[PDB]
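Asks: Pasting query.pdb below, which is PDB, C-alpha atoms.
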```
ATOM      1  CA  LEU A  96      -9.702  -6.919  -3.817
ATOM      2  CA  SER A  97      -6.211  -5.536  -4.322
ATOM      3  CA  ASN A  98      -7.634  -3.527  -7.205
ATOM      4  CA  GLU A  99     -10.174  -1.777  -4.996
ATOM      5  CA  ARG A 100      -7.306  -0.650  -2.784
ATOM      6  CA  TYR A 101      -5.196   0.354  -5.763
ATOM      7  CA  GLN A 102      -8.041   2.453  -7.115
ATOM      8  CA  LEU A 103      -7.979   4.626  -4.019
ATOM      9  CA  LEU A 104      -4.232   5.055  -4.309
ATOM     10  CA  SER A 105      -5.065   6.341  -7.781
ATOM     11  CA  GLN A 106      -6.921   9.220  -6.145
ATOM     12  CA  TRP A 107      -4.023  10.376  -4.026
ATOM     13  CA  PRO A 108      -3.068  14.043  -4.482
ATOM     14  CA  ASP A 109       0.183  14.731  -6.290
ATOM     15  CA  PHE A 110       2.372  15.727  -3.388
ATOM     16  CA  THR A 111       5.387  16.122  -5.666
ATOM     17  CA  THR A 112       3.921  19.359  -6.983
ATOM     18  CA  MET A 113       4.792  20.853  -3.575
ATOM     19  CA  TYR A 114       8.417  19.742  -3.491
ATOM     20  CA  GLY A 115       9.836  23.085  -4.554
ATOM     21  CA  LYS A 116      11.736  25.416  -2.285
ATOM     22  CA  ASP A 117       8.990  28.010  -2.437
ATOM     23  CA  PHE A 118       6.949  25.518  -0.429
ATOM     24  CA  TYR A 119       9.910  24.404   1.686
ATOM     25  CA  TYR A 120      10.584  27.836   3.108
ATOM     26  CA  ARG A 121       7.090  29.203   3.421
ATOM     27  CA  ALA A 122       6.029  26.211   5.475
ATOM     28  CA  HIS A 123       6.277  25.592   9.182
ATOM     29  CA  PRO A 124       9.249  23.279   9.818
ATOM     30  CA  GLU A 125       7.054  20.667  11.507
ATOM     31  CA  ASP A 126       4.356  20.734   8.837
ATOM     32  CA  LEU A 127       7.081  19.987   6.336
ATOM     33  CA  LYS A 128       8.307  16.995   8.290
ATOM     34  CA  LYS A 129       4.727  15.743   8.193
ATOM     35  CA  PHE A 130       4.417  16.458   4.490
ATOM     36  CA  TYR A 131       7.624  14.578   3.759
ATOM     37  CA  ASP A 132       6.426  11.731   5.964
ATOM     38  CA  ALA A 133       3.085  11.579   4.178
ATOM     39  CA  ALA A 134       4.935  11.298   0.888
ATOM     40  CA  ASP A 135       7.115   8.486   2.220
ATOM     41  CA  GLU A 136       3.951   6.803   3.443
ATOM     42  CA  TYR A 137       2.376   6.732  -0.009
ATOM     43  CA  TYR A 138       5.380   4.905  -1.370
ATOM     44  CA  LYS A 139       4.972   2.411   1.426
ATOM     45  CA  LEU A 140       1.322   1.828   0.571
ATOM     46  CA  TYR A 141       1.849   1.820  -3.179
ATOM     47  CA  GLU A 142       4.815  -0.534  -3.202
ATOM     48  CA  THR A 143       2.881  -3.113  -1.214
ATOM     49  CA  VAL A 144      -0.404  -2.940  -3.105
ATOM     50  CA  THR A 145       1.495  -3.669  -6.313
ATOM     51  CA  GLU A 146       3.268  -6.628  -4.755
ATOM     52  CA  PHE A 147       1.029  -8.990  -6.683
ATOM     53  CA  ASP A 148       3.452 -11.892  -6.366
ATOM     54  CA  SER A 149       2.476 -12.016  -2.699
ATOM     55  CA  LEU A 150      -1.174 -12.706  -3.440
ATOM     56  CA  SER A 151      -0.547 -16.347  -4.267
ATOM     57  CA  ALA A 152       0.821 -17.106  -0.827
ATOM     58  CA  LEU A 153      -2.089 -15.257   0.744
ATOM     59  CA  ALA A 154      -4.491 -17.561  -1.040
ATOM     60  CA  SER A 155      -2.824 -20.532   0.641
ATOM     61  CA  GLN A 156      -3.793 -19.132   4.012
ATOM     62  CA  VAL A 157      -7.451 -19.342   3.023
ATOM     63  CA  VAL A 158      -7.412 -22.821   1.396
ATOM     64  CA  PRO A 159      -6.598 -25.263   4.271
ATOM     65  CA  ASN A 160      -9.245 -24.042   6.703
ATOM     66  CA  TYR A 161     -11.818 -24.039   3.913
ATOM     67  CA  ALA A 162     -10.810 -27.503   2.776
ATOM     68  CA  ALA A 163     -11.202 -28.901   6.288
ATOM     69  CA  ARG A 164     -14.745 -27.580   6.496
ATOM     70  CA  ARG A 165     -15.467 -29.504   3.318
ATOM     71  CA  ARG A 166     -14.123 -32.701   4.876
ATOM     72  CA  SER A 167     -17.295 -32.947   6.903
ATOM     73  CA  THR A 168     -18.330 -36.305   8.265
ATOM     74  CA  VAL A 169     -21.883 -35.553   7.115
ATOM     75  CA  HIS A 170     -21.568 -34.103   3.608
ATOM     76  CA  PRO A 171     -19.321 -31.697   1.669
ATOM     77  CA  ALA A 172     -22.309 -29.453   0.904
ATOM     78  CA  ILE A 173     -24.016 -29.558   4.287
ATOM     79  CA  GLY A 174     -24.907 -26.337   6.037
ATOM     80  CA  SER A 175     -26.985 -25.029   8.913
ATOM     81  CA  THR A 176     -30.152 -24.188   6.968
ATOM     82  CA  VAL A 177     -30.425 -27.683   5.510
ATOM     83  CA  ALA A 178     -29.520 -29.394   8.777
ATOM     84  CA  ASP A 179     -32.010 -27.229  10.670
ATOM     85  CA  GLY A 180     -34.772 -27.955   8.189
ATOM     86  CA  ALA A 181     -33.908 -31.633   8.375
ATOM     87  CA  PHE A 182     -34.194 -31.531  12.150
ATOM     88  CA  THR A 183     -37.888 -30.688  11.958
ATOM     89  CA  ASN A 184     -38.360 -33.742   9.791
ATOM     90  CA  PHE A 185     -36.584 -35.696  12.503
ATOM     91  CA  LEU A 186     -38.144 -34.041  15.529
ATOM     92  CA  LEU A 187     -41.692 -33.376  14.351
ATOM     93  CA  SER A 188     -42.025 -36.953  13.182
ATOM     94  CA  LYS A 189     -42.672 -39.732  15.665
ATOM     95  CA  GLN A 190     -39.480 -40.576  17.649
TER      96      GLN A 190
ATOM     97  CA  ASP B  63      32.824  42.097  26.146
ATOM     98  CA  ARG B  64      32.865  42.618  22.399
ATOM     99  CA  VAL B  65      31.509  39.090  21.995
ATOM    100  CA  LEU B  66      28.232  40.207  23.564
ATOM    101  CA  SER B  67      27.672  42.571  20.647
ATOM    102  CA  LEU B  68      28.008  39.782  18.105
ATOM    103  CA  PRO B  69      24.805  37.935  17.175
ATOM    104  CA  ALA B  70      24.357  35.273  19.837
ATOM    105  CA  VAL B  71      22.729  32.810  17.476
ATOM    106  CA  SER B  72      25.557  30.779  15.989
ATOM    107  CA  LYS B  73      26.350  30.152  12.363
ATOM    108  CA  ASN B  74      25.610  26.532  13.198
ATOM    109  CA  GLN B  75      22.171  27.374  14.558
ATOM    110  CA  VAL B  76      21.369  29.270  11.389
ATOM    111  CA  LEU B  77      22.350  26.348   9.181
ATOM    112  CA  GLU B  78      20.365  23.898  11.262
ATOM    113  CA  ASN B  79      17.273  26.134  11.272
ATOM    114  CA  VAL B  80      17.467  27.119   7.618
ATOM    115  CA  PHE B  81      18.317  23.679   6.250
ATOM    116  CA  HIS B  82      16.192  21.808   8.738
ATOM    117  CA  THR B  83      15.014  18.902   6.550
ATOM    118  CA  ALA B  84      16.899  17.155   3.777
ATOM    119  CA  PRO B  85      14.902  18.161   0.690
ATOM    120  CA  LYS B  86      13.152  15.673  -1.544
ATOM    121  CA  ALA B  87      15.000  14.863  -4.751
ATOM    122  CA  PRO B  88      13.169  15.344  -8.073
ATOM    123  CA  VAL B  89      14.130  11.875  -9.325
ATOM    124  CA  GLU B  90      13.128  10.153  -6.077
ATOM    125  CA  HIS B  91       9.499  10.085  -7.198
ATOM    126  CA  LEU B  92      10.417   8.652 -10.578
ATOM    127  CA  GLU B  93      12.658   5.814  -9.438
ATOM    128  CA  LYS B  94      10.242   4.795  -6.676
ATOM    129  CA  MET B  95       7.129   4.721  -8.830
ATOM    130  CA  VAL B  96       8.949   3.110 -11.757
ATOM    131  CA  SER B  97      10.169   0.224  -9.606
ATOM    132  CA  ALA B  98       6.625  -0.167  -8.293
ATOM    133  CA  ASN B  99       5.063   0.012 -11.732
ATOM    134  CA  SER B 100       7.558  -2.558 -12.951
ATOM    135  CA  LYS B 101       5.589  -4.891 -10.695
ATOM    136  CA  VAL B 102       2.355  -3.655 -12.282
ATOM    137  CA  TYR B 103       3.910  -4.420 -15.645
ATOM    138  CA  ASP B 104       5.094  -7.852 -14.570
ATOM    139  CA  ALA B 105       1.882  -9.136 -13.116
ATOM    140  CA  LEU B 106      -0.680  -7.517 -15.349
ATOM    141  CA  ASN B 107       0.489  -7.018 -18.913
ATOM    142  CA  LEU B 108      -0.111 -10.186 -21.078
ATOM    143  CA  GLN B 109       3.336  -9.818 -22.633
ATOM    144  CA  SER B 110       5.320 -10.130 -19.425
ATOM    145  CA  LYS B 111       7.151 -13.330 -18.684
ATOM    146  CA  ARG B 112       5.526 -13.550 -15.242
ATOM    147  CA  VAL B 113       1.870 -12.724 -15.799
ATOM    148  CA  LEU B 114      -0.785 -13.523 -13.265
ATOM    149  CA  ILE B 115      -3.417 -14.232 -15.909
ATOM    150  CA  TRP B 116      -2.759 -17.973 -15.997
ATOM    151  CA  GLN B 117      -2.799 -18.452 -12.260
ATOM    152  CA  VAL B 118      -5.756 -16.187 -11.625
ATOM    153  CA  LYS B 119      -8.138 -17.188 -14.410
ATOM    154  CA  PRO B 120      -6.535 -20.524 -15.189
ATOM    155  CA  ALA B 121      -7.306 -21.798 -18.757
ATOM    156  CA  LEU B 122      -9.748 -24.095 -20.493
ATOM    157  CA  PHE B 123      -7.981 -26.708 -22.548
TER     158      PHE B 123
END
```
Do you think you could lay out the structure here as C-alpha coordinates?
Replies:
Amino acid sequence: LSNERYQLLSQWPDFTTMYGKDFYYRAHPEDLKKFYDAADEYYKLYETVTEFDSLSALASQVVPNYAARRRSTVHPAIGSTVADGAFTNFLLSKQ
Amino acid sequence: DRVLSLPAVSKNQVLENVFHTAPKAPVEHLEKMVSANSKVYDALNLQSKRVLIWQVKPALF
(Lines of atoms letter the chains of each structure in order from A and count residues from 1; the text may use other names and numbers.)
(Lines give C-alpha, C1' and ligand atoms only; values in the text may rest on other atoms or scores of the structure.)
Protein backbone atom coordinates (compact mmCIF):
# COMPACT_ATOMS: atom_id res chain seq x y z
CA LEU A 1 0.00 0.00 0.00
CA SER A 2 2.92 2.30 0.73
CA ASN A 3 4.05 1.68 -2.83
CA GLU A 4 0.81 2.98 -4.31
CA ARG A 5 1.36 6.21 -2.39
CA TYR A 6 5.01 6.36 -3.39
CA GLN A 7 4.07 5.95 -7.03
CA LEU A 8 2.08 9.17 -6.93
CA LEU A 9 4.96 10.99 -5.30
CA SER A 10 6.89 9.79 -8.35
CA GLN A 11 4.60 11.93 -10.49
CA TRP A 12 5.24 15.15 -8.63
CA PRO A 13 6.46 18.04 -10.80
CA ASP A 14 10.08 19.06 -10.38
CA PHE A 15 9.66 22.24 -8.41
CA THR A 16 13.43 22.70 -8.15
CA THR A 17 13.51 23.76 -11.79
CA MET A 18 11.83 26.99 -10.62
CA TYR A 19 14.27 27.82 -7.85
CA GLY A 20 16.23 30.37 -9.85
CA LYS A 21 16.13 34.09 -9.25
CA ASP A 22 14.45 34.70 -12.58
CA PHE A 23 11.44 32.99 -11.02
CA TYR A 24 11.99 34.56 -7.60
CA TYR A 25 11.68 38.12 -8.83
CA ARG A 26 9.06 37.74 -11.52
CA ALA A 27 6.68 36.12 -9.07
CA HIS A 28 4.22 37.67 -6.67
CA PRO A 29 5.74 37.60 -3.17
CA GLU A 30 2.84 35.57 -1.78
CA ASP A 31 2.80 33.06 -4.63
CA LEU A 32 6.44 32.44 -3.87
CA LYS A 33 5.76 31.77 -0.22
CA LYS A 34 3.21 29.22 -1.39
CA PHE A 35 5.63 27.71 -3.87
CA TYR A 36 8.30 27.37 -1.21
CA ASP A 37 5.73 25.87 1.14
CA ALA A 38 4.60 23.37 -1.47
CA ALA A 39 8.21 22.30 -1.90
CA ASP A 40 8.65 21.87 1.85
CA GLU A 41 5.44 19.86 1.85
CA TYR A 42 6.74 17.34 -0.68
CA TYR A 43 9.72 16.63 1.53
CA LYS A 44 7.31 16.04 4.37
CA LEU A 45 5.28 13.56 2.33
CA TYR A 46 8.29 11.87 0.77
CA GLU A 47 10.27 11.43 3.97
CA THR A 48 7.34 9.70 5.63
CA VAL A 49 6.34 7.41 2.78
CA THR A 50 9.90 6.07 2.72
CA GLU A 51 9.88 5.47 6.45
CA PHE A 52 9.50 1.75 5.86
CA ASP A 53 10.82 0.84 9.30
CA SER A 54 7.55 2.20 10.67
CA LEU A 55 5.43 -0.30 8.76
CA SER A 56 6.23 -3.13 11.15
CA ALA A 57 4.74 -1.33 14.11
CA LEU A 58 1.69 -0.45 12.05
CA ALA A 59 1.09 -4.12 11.40
CA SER A 60 0.92 -4.71 15.15
CA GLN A 61 -2.05 -2.38 15.34
CA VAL A 62 -3.97 -4.66 12.99
CA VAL A 63 -3.01 -8.04 14.55
CA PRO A 64 -4.60 -8.01 18.06
CA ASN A 65 -8.11 -7.03 16.99
CA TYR A 66 -7.98 -9.60 14.20
CA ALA A 67 -6.68 -12.29 16.52
CA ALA A 68 -9.51 -11.69 18.99
CA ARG A 69 -12.09 -12.18 16.25
CA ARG A 70 -10.49 -15.54 15.58
CA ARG A 71 -10.82 -16.51 19.24
CA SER A 72 -14.51 -17.05 18.67
CA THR A 73 -16.41 -19.29 21.04
CA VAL A 74 -18.08 -20.89 18.01
CA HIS A 75 -15.31 -21.48 15.47
CA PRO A 76 -12.20 -19.70 14.12
CA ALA A 77 -13.65 -19.76 10.59
CA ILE A 78 -17.24 -18.86 11.41
CA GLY A 79 -18.90 -15.99 9.62
CA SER A 80 -22.31 -14.47 9.02
CA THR A 81 -23.15 -16.24 5.75
CA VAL A 82 -22.53 -19.69 7.23
CA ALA A 83 -24.29 -18.88 10.50
CA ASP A 84 -27.25 -17.41 8.62
CA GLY A 85 -27.51 -20.44 6.36
CA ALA A 86 -27.26 -22.67 9.40
CA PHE A 87 -30.10 -20.79 11.05
CA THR A 88 -32.54 -21.90 8.36
CA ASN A 89 -31.54 -25.47 9.08
CA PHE A 90 -32.30 -24.74 12.72
CA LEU A 91 -35.43 -22.66 12.25
CA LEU A 92 -37.08 -24.34 9.27
CA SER A 93 -36.72 -27.72 10.91
CA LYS A 94 -39.09 -28.78 13.66
CA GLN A 95 -38.27 -26.98 16.96
CA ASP B 1 12.17 70.24 5.19
CA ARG B 2 14.86 68.72 3.00
CA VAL B 3 13.97 65.32 4.43
CA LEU B 4 10.61 65.50 2.66
CA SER B 5 12.41 65.50 -0.68
CA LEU B 6 14.26 62.29 0.12
CA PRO B 7 12.52 59.04 -0.86
CA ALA B 8 10.17 58.24 2.01
CA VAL B 9 10.52 54.50 1.60
CA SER B 10 13.45 53.49 3.79
CA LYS B 11 16.52 51.53 2.85
CA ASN B 12 15.18 48.96 5.29
CA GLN B 13 11.84 48.76 3.51
CA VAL B 14 13.61 48.18 0.22
CA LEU B 15 15.68 45.33 1.63
CA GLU B 16 12.66 43.71 3.23
CA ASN B 17 10.59 44.00 0.03
CA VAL B 18 13.35 42.94 -2.34
CA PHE B 19 14.71 40.08 -0.24
CA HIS B 20 11.34 39.03 1.09
CA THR B 21 11.86 35.25 1.32
CA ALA B 22 15.03 33.38 2.15
CA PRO B 23 15.84 31.66 -1.15
CA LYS B 24 16.02 27.91 -1.54
CA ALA B 25 19.53 26.49 -1.58
CA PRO B 26 20.59 24.34 -4.55
CA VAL B 27 21.94 21.56 -2.31
CA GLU B 28 18.84 21.51 -0.09
CA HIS B 29 17.05 19.29 -2.59
CA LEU B 30 19.98 16.91 -2.80
CA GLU B 31 20.60 16.39 0.91
CA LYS B 32 16.88 15.98 1.64
CA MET B 33 16.18 13.45 -1.09
CA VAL B 34 19.43 11.57 -0.46
CA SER B 35 18.61 11.08 3.22
CA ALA B 36 15.15 9.90 2.19
CA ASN B 37 16.46 7.58 -0.49
CA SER B 38 18.93 6.17 2.00
CA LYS B 39 15.80 4.73 3.61
CA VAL B 40 14.70 3.40 0.22
CA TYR B 41 18.12 1.81 -0.08
CA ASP B 42 17.99 0.35 3.41
CA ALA B 43 14.61 -1.27 3.24
CA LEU B 44 14.46 -2.35 -0.37
CA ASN B 45 17.82 -3.29 -1.83
CA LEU B 46 18.72 -7.00 -1.10
CA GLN B 47 22.28 -6.00 -0.23
CA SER B 48 21.42 -3.71 2.66
CA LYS B 49 22.00 -4.88 6.19
CA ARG B 50 18.42 -4.00 7.15
CA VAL B 51 16.26 -5.29 4.31
CA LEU B 52 12.55 -5.76 4.65
CA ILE B 53 12.50 -8.80 2.37
CA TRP B 54 12.79 -11.31 5.21
CA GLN B 55 10.11 -9.77 7.36
CA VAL B 56 7.71 -9.08 4.53
CA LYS B 57 7.91 -12.30 2.52
CA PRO B 58 9.39 -14.44 5.26
CA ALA B 59 11.27 -17.55 3.92
CA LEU B 60 10.61 -21.21 3.27
CA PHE B 61 13.15 -23.40 4.98
Asks: Padding 6 Å on each side, edges along x, y and z: where is the centre of the box around the listed atoms of segment 89-102 of chain B, and how long are its edges in Å to one decimal? Output it as lines of an AutoDock Vina configuration file.
Replies:
```
center_x = 8.2
center_y = 3.5
center_z = -9.5
size_x = 23.8
size_y = 28.8
size_z = 18.9
```
Asks: Using Å and a single decimal, report how far atom CA of residue 109 of chain B sits from atom CA of residue 100 of chain A.
Replies: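 Going from atom CA of residue 100 of chain A over to atom CA of residue 109 of chain B covers 24.3 Å.
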Asks: Compile the residues of chain A that lie within 12 Å of chain B, evaluated using only C-alpha atoms, and express the compilation as a PyMOL selection string.
Replies: chain A and resi 97-98+101+109-132+134-135+137-151+154
Asks: Tell me, in Å to one decimal, how far atom CA of residue 122 of chain B is from atom CA of residue 108 of chain B.
Replies: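 Result for atom CA of residue 122 of chain B versus atom CA of residue 108 of chain B: 16.9 Å, one decimal.
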Asks: One decimal, in Å: what's the spacing between atom CA of residue 174 of chain A and atom CA of residue 186 of chain A?
Replies: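 Computed distance, atom CA of residue 174 of chain A to atom CA of residue 186 of chain A, equals 18.0 Å.
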